[PDB]
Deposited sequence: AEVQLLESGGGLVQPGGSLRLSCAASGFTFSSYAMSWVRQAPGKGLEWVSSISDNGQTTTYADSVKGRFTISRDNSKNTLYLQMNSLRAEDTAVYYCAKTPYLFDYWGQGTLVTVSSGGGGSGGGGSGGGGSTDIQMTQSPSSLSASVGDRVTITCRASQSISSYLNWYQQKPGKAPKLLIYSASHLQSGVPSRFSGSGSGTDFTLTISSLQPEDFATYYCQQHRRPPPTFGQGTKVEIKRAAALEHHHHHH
């Protein structure tokens, strides 16, 4: 029932402007903070910005400060990202995400084409397995992040999906073949019996310190 319908993206020249809208439904939109996260073509995830529930406090990444602006309408339940002075580096698929750092829901994304922190290293980068295989991915943190670690799943051309939160807690509605473990700087995501719908790129994310940093990714191919 929860829906995050994104629109506004497209093709633009350097210096142009765009307005992304993320219309939300199926929940009390004004009861939660929202975020914009972008993914460059073929690369990992990058937190763009975030706005609180009432729309008062706004946070931005250093690369988009002064040019991008987050806003929200709580009567129409819609998120907004104004993008001026666009650069080719801003070329990415932009998703809107719910809740401060949990990111329990993501929108299908909108494509925008313009033409110091905690590092997260994932091991292995890629792997090829078959149905029923046991897969074990490792996320290593440059600093101790305690249990502030989330595992997301991203099937090709689709939106990311929250799988594990708090390093080991399983998100409601996710199959039990997914396990998270880890305490300090090393975490492991375990798929006990790989099924055909698991072939996808799995990411780890820290939120111990801001801004949230994602892992390089782990592509589980066939």
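Mapping the modelled residues onto the deposited sequence reveals missing stretches at 1, 117 to 132, 240 to 252.
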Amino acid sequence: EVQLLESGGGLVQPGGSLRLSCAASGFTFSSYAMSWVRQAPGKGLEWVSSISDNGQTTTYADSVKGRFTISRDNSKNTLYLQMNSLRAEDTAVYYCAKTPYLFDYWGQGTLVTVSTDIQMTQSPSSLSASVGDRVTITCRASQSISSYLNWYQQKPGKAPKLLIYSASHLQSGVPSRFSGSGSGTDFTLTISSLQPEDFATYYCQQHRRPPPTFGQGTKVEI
From here on, numbers count along this sequence of modelled residues.
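As the entry records it, the average C-alpha temperature factor is higher for 118 to 126, out of 118 to 126 and 73 to 81.
Comparing the listed residues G55, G180, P175, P160, the entry records the largest Cα B-factor for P175. As recorded in the entry, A88 carries the highest CA temperature factor of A92, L149, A97, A88.
Annotation for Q154: CA B-factor lies in the middle third of the chain's modelled residues. Residue-level temperature factors show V64 in the highest third of its chain, judged at the C-alpha atom.
Among the modelled residues of the chain, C139 sits in the highest third by CA temperature factor in this PDB entry. In the deposited entry, the Cα temperature factor of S21 sits in the bottom third of values across the chain's modelled residues. The entry lists a Cα temperature factor for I222 that places it in the highest third of the chain's modelled residues.
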